[PDB]
């Protein structure tokens, strides 16, 4: 099964045929891309808030308009999928979802209300793909650049009525029914420790400092509980690379930051009339970002290495979280940088998948975001910024769907790409819940 080796403009963009991305007929290539054989492994790459606009903006800046993302754009089978949520009261569609509802959708196969994790509109728990993979004996990995308590990684191991219920404190207030001291299954963090994924890497060290209000580990901090339960704790790249094995007997838990991990690129925030009043911006690498802090690609590579030891197979979810966060903050450079960051992780995954031959790789987003690419001379009512691209040309980005604090998500259907066995199930129009069934079927989970 081939990956798109190169879909960059083939020559001089000015001359006829120079902008082409295809060098010949693709029919044969696609035929060789189709297989219904069972998938032994599944790697799901999620670009939080990475809609088509985000991909295009990032490509334009980093690779040029005629450029090509060796990871993100390399997936041969493409399609568009819907991700609408539900109104808790009415049960009718809520056109603009959040991370909680969307993550729950692909991880459980049931739509839900914004803010919910692993539960439906009746607050009934729903088993997640990870829990199912684990039950079947497959290795499991949950990786993200955000706090491990954030919606996307949380949805795989937690079932709470509200995403805000990070640890003991918040749960007692926001999710009384889930609160341990009130007979519930516990907070997101507690349920995370319970679910026991073989590999869990990301940020969110902060919440682990809290103490359990009940249970066998009452009074101890969630960090202590983790150690008492056999988890291997890692806080930096050096130690991460030192891990030789990860399994149910010795699960890996890597906390590389108190909150969200560091952003790759720094840049000023978009401003009112920023494209006409202020100069064009050139993103600059974040000095904070460290050799001590592993990149998403490094975490992804280590995860695959450890998970691949399991002869039965594995399920791994990787998330480029800050694309969304930076989009909210109207920061082009941060947003774009995180997309480039995710691209590297996709490459690592695709490399392994190409060699393995029985791995389904999927790259998609939870929902669309605010950012739009607009004309250089645009006078918009929101936040704008001009950027110096790899093409030596200026690109203007606009965020104009909110006044308020952050920029809002949008309900537009978006790209979903895949490679490997059962990838055909992402072509055409599908729903986010279909992804659950596709992954479940590919893995032969029964």
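Numbering follows the first chain given and starts at 1.
Q: Which is higher on average in the deposited entry, the C-alpha temperature factors of 202-210 or of 359-367?
A: Averaging CA B-factors over each stretch, the winner is 202-210.
Q: Return whichever of 93-101 and 119-127 has the greater mean Cα B factor according to the PDB record.
A: The entry gives the higher C-alpha B-factor average to 119-127.
Q: Comparing recorded Cα B-factors across 41, 48, 398, 406, which one is largest?
A: Max CA B-factor in the entry, restricted to 41, 48, 398, 406: 406.
Q: Based on the PDB record, which member of 159, 223, 269, 83 exhibits the highest Cα temperature factor?
A: Among 159, 223, 269, 83, the highest C-alpha B-factor in the entry belongs to 223.
Q: Against its chain's modelled residues, does residue 338's Cα B factor rank lowest, middle or highest third?
A: Ranked within chain, residue 338 CA B lands in the lowest tercile.
Q: For residue 231, return the chain-relative third of its C-alpha B-factor as stated in the PDB record: lowest, middle or highest.
A: Highest third.
Q: Which third of the chain holds residue 24 when residues are ordered by C-alpha B factor: lowest, middle or highest?
A: CA B-factor rank for residue 24: highest third.
Q: Could you look up the Cα B-factor of residue 10 in the entry and say which third of the chain it sits in: lowest, middle or highest?
A: Highest third - that is where residue 10 ends up once the chain's C-alpha B-factors are sorted.
Q: Among all modelled residues of this chain, ranked by Cα B factor, put residue 112 in the bottom, middle or top third, i.e. lowest, middle or highest.
A: Middle third by C-alpha B-factor.
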